[PDB]
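Mapping of the sequence shown onto UniProt numbering: residues 614 to 708, 723 to 841, 916 to 946, 954 to 982, 999 to 1039, 1052 to 1168, 1176 to 1242, in sequence order. C-beta atoms are modelled at their ideal positions from N, C-alpha and C, and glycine is treated no differently. See below for the structure under consideration.
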Amino acid sequence: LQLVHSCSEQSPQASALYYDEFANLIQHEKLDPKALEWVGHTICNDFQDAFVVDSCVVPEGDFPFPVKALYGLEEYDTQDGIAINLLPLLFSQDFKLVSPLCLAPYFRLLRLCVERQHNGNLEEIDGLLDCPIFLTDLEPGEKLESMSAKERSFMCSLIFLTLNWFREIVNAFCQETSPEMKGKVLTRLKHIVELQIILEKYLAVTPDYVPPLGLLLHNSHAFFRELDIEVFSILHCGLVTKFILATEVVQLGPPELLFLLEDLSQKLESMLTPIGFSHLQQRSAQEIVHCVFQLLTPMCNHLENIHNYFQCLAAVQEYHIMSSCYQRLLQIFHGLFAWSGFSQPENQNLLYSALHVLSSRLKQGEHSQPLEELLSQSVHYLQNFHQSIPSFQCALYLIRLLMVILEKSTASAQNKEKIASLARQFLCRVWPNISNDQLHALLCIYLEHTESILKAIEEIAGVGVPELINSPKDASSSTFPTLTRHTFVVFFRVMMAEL
């Protein structure tokens, strides 16, 4: 083991691959106590000797940007001597055993190894968490119009490794069940979100330049390290509205909710609907659906709260941020209910346990009832949210959600009529832009589930297009308000295909 470690020490990519693969191996397999504690002791010694340093800052390499303490425990003081010097080492190597450019795998090994020895109870790793990182107060270059030079390229390179570190730290500390420390990991969310804003600003000013790592949508899954499903146990914590408004404790705001929920949606859509990911695939498809299933009650309570928020608003950037959060939340719910495993009879009781709670969400104290009735008030409960649907693309997801939870149903005709009625409600509604494929899917399901397809086609044609030629160019007000020039072609395509 130490032979292969020393041989692979020089190569950074091969080293990082060794660290990540060995960490996965330790995670998903059992090792003997002596070898496990030996490798844990050696890697802990190497990590302590390499990166951990005194709180006093010693600049090296004569870098031009002054460095101040940031991104640490709020009650931090100079007495706590722990600190990390990732940026001096990156500046030195950019401009041999130490390799902070692959810092994230190293900590993962530590995050496994002590957990094998101590069975949790990691005070030293909590000390590693509590320390800050000394870095310049980095901001976008527009304050001085920073040209994309070598120094700016290095600074933009630093953001990915900082985000990976602050992602793996919350990956590590999610499982800890102590109440006081919870806000600490929430502060890490509050860090990475602003860093993510900073990250996309560096994509805005320099879209062409891309730092390496072993447009932002493509780069996010590739660069950012994966996270365990247990990380989404942080979503068990309740949220609080920020724009409108556990005192003196951080709480789940909207954008960290969007971030975690979008990561969950990417993972769920990648798995359930057949690669960029390598950690989730090792876990099977049965325990993961159980893990997200036990989590559905908190995120459904979040759906309730944000729906009530939008109802209260019904009477700036946070509005569409929460709207996109709503979109992603409905996407999670549909994707969870769209698993192909529920078709086969293996996990029917799991599906039933998915929806009894929903029934308890609507009318408390009802259980062990027939499945068709329970899903009937479940679809009624989902239908109650149809008013608080700000973004248009959510609506079709909700309609699709209804269909899948109404796929496993008996009274097909009534369900189809209800789906058609709600689709008509969405279509006739005005909206404030919109991808044509969303119109394609929505009109497809609407015309499919209407009682008379041919009558509906002639009806939409006669009511709309005569009104369109009567109406002026841009305004396409009719029974169908969304019948503008950027929509007529998909309308014609959908009516022709359904005909």
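{"Asked": "Counting only the same chain and skipping the five closest in sequence on each side, list residues whose C-beta sits under 7 angstroms from that of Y733.", "Found": "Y632, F660"}
{"Asked": "What residue range does the alpha helix (DSSP H) around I786 cover?", "Found": "777–800"}
{"Asked": "Work out the CA separation of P1168 and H1031 for me, nearest whole Å.", "Found": "19 angstroms"}
{"Asked": "If we count Cβ pairs, one from each stretch, closer than 8 angstroms, do we get three or more for the segment 785–804 versus the segment 817–824?", "Found": "yes"}
{"Asked": "If we require 4 or more residues per run, which alpha helix (DSSP H) segments fall completely within the segment 1122–1167?", "Found": "1128–1143, 1148–1164"}
{"Asked": "Can you list, in chain order, the residues of its chain whose CB lies under 6 angstroms from that of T1021, leaving out five sequence neighbours each side?", "Found": "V1093"}
{"Asked": "Can you tell me whether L1087 is buried or exposed, with buried defined as 16 or more other CB within 10 angstroms of its CB?", "Found": "buried"}
{"Asked": "Use the C-beta contact count for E795: other C-beta atoms within 10 angstroms, 16 or more gives buried, fewer gives exposed.", "Found": "buried"}
{"Asked": "Which residue or residues does DSSP assign as beta-bridge partners of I697?", "Found": "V665, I760"}
{"Asked": "Should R738 go down as buried or exposed, given a rule of 16 or more other Cβ atoms within 10 Å for buried?", "Found": "buried"}
{"Asked": "Figure out for me which residue from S780, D753, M774 has the closest Cα to the Cα of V797.", "Found": "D753"}
{"Asked": "Is the separation between the beta-carbon of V958 and that of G810 shorter than 8 angstroms?", "Found": "yes"}
{"Asked": "Roughly how many whole angstroms lie between the Cα atoms of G1077 and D645?", "Found": "36 angstroms"}
{"Asked": "Looking only at its chain, what residues have a beta carbon closer than 8 angstroms to the beta carbon of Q823, apart from the 5 residues adjacent to it on each side?", "Found": "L790, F967"}
{"Asked": "So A1039 is in the beta strand (DSSP E); what residue range does that whole segment cover?", "Found": "Looking at the DSSP string, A1039 is not in any beta strand (DSSP E), and its letter there is neither H nor E."}
{"Asked": "May I ask you to report which of helix, strand or coil DSSP gives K681?", "Found": "strand"}
{"Asked": "Can you check whether the CB of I825 is closer than 8 angstroms to the CB of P982?", "Found": "no"}
{"Asked": "So, under 8 angstroms CB-CB, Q974 and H919 are touching, yes? Tell me the CB distance rounded to an integer number of Å.", "Found": "Between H919 and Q974 the Cβ distance is about 12 angstroms, and since that is not below 8 angstroms, they are no contact."}
{"Asked": "If you measure from the CB of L771, is any heavy atom of the ligand SAH nearer than 7 angstroms?", "Found": "Ligands displayed in this structure: none; no statement on the ligand SAH is therefore possible."}
{"Asked": "If we ignore side chains and look at the alpha-carbon of each, how far apart do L1091 and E927 end up?", "Found": "29 angstroms"}
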